[PDB]
Structures are given as C-alpha cells and as structure tokens.
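Accompanying notes for the structure given below.
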Amino acid sequence: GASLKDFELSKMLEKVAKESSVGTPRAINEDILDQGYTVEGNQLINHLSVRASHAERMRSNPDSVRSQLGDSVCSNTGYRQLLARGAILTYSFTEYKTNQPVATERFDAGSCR
C-alpha cells in the first residue's frame, strides 16, 4: 500500500477533486464536457469528453495540445501548490460517443520548469 505520507497526499487531492467537481458535468465549449475530477495515488485527474471532430484535431497535434494544457496548469496558482507537494495533474480526454481515449497528459513540478 501507499505510505502514510503518500496516502495523506491522496486524501488532500480528494478534497480538491470534490470541490472542483461541483457543477460537473458542464460544457467547456460545444465539443468538450468537463466531467470533473478523481484521484489515483498522487494524480489529480480531470476527466473530459470530446466530440469526434475535435478529438481528431487533438490527435493530429498532441504536442500543441500538451503545450497549451501545460501553459494553463503551470500558471494555475492552486495547481502549482499541488505540484509543489508532489502531485501530478492529469488530463484524461475520451470520446463523447464511445469513451475511447483521445489524449492523456500528465504534469508534475518538473513539467512546469
């Protein structure tokens, strides 16, 4: 099992996941639903669904997707506090109709540097 400190971090992340999930699912735009947050170990995971056409645009340029996500995460004051405590921010995008993976992008303190 996870160490005492690791399990505690997961519990802290679960508090963030619960508050951040209030009001989800909700539309980010016409193509993307914010489905809220879960925690797996040291990862705070934001789950999002993406419609088929936008999913294709995402798949065609995964480095640009990652870079834009990184810019957002790494300048988010609250996320920076989590990364500063050993957390990983994970974005899990799946297809709206099928739930097939589209993109999965993880960020740690190292990523932000």
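Scheme for the structure tokens: letters A, B, ... for chains in order shown; per-chain residue numbers from 1; ligand numbers from 1 in order shown.
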
Using 7 Å as the limit and counting only C-alpha atoms, can you tabulate each residue of region 25-47 of chain A that touches region 1-10 of chain A, with its shortest atom-to-atom distance in Å and the two atoms involved, as JSON lines?
{"residue": "A:39", "atom": "CA", "partner": "A:10", "partner_atom": "CA", "distance": 6.7}
{"residue": "A:41", "atom": "CA", "partner": "A:10", "partner_atom": "CA", "distance": 5.6}
{"residue": "A:42", "atom": "CA", "partner": "A:10", "partner_atom": "CA", "distance": 5.7}

All residues 9 Å or closer to residue 85 (chain A), only C-alpha atoms, same chain fewer than 3 positions away omitted, as a PyMOL selection string
chain A and resi 9+80-82+109

Name the residues of chain A that fall into alpha helix (DSSP H) according to DSSP on the backbone, using the chain letters and numbers of this document, as a count of residues only.
51

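Shortest separation to residue 65 (chain A) among A:104, A:111, A:29, A:35 occurs at residue A:104, atoms counted being only C-alpha atoms.
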
8 Å contact set for residue 25 (chain A), only C-alpha atoms, chain neighbours under 4 positions out, as an MDAnalysis selection string
chainID A and resid 21 33:36

Using DSSP on the backbone coordinates, identify all residues within chain A classified as strand (DSSP E); present the result as a ChimeraX atom specification.
/A:26-27,32-40,43-50,88-95,101-107
